[PDB]
Structure formats: C-alpha cells, structure tokens
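Peer 1: Below is a structure I'd like to ask you about.
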C-alpha cells in the first residue's frame, strides 16, 4: 500500500515519514500531531 518518491521523505501522518526505497512505503516517526 502507500506510495511516494522512493528515497525521499515527507510528513504523511501527523508526525514525519520517510518514503522508503520503494514507492509504496516510508519509515516514519511519532510525536504530537500539529494541526493549528
């Protein structure tokens, strides 16, 4: 599932992800979910 520029990073969820080498995933991180 998922998809994006493989090797790149972005926000995605409310924290911060990192599109994995494949255009279908991204290692992410958690923390408060900024919205404002």
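Numbers in chain A come straight from Swiss-Prot, and the residues shown are 57-92, in order.
How was it done? The header gives solution NMR.
A Cβ is built for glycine as well, from the same backbone N, Cα and C atoms used for every other residue.
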Peer 1: Given the candidates 65, 72, specify the residue that Swiss-Prot annotates with O-linked glycosylation site.
Peer 2: 65
Peer 1: Find, for the listed disulfide-bonded residues 60, 70, the residue with the lowest Cβ contact count at a 10 Å cut-off, counting only other Cβ atoms.
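Peer 2: Lowest Cβ count within 10 Å among the disulfide-bonded residues (60, 70) is 70.
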Peer 1: Among all the protein chains here, how many other CB atoms are within 10 A of the CB of residue 65 (O-linked glycosylation site)?
Peer 2: 16
Peer 1: Taking the Cβ of residue 89 (disulfide bond) as the reference point, list residues of the same chain whose Cβ is under 8 angstroms away and which are at least six residues distant in sequence.
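Peer 2: Looking at Cβ-Cβ distances below 8 Å from residue 89 (disulfide bond), excluding near sequence neighbours, one finds 69, 70, 71.
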Peer 1: Below 8 Å Cβ to Cβ and six or more residues apart, same chain only. Which residues does that give for residue 73 (disulfide bond)?
Peer 2: 65, 66, 67, 82, 83, 84, 85
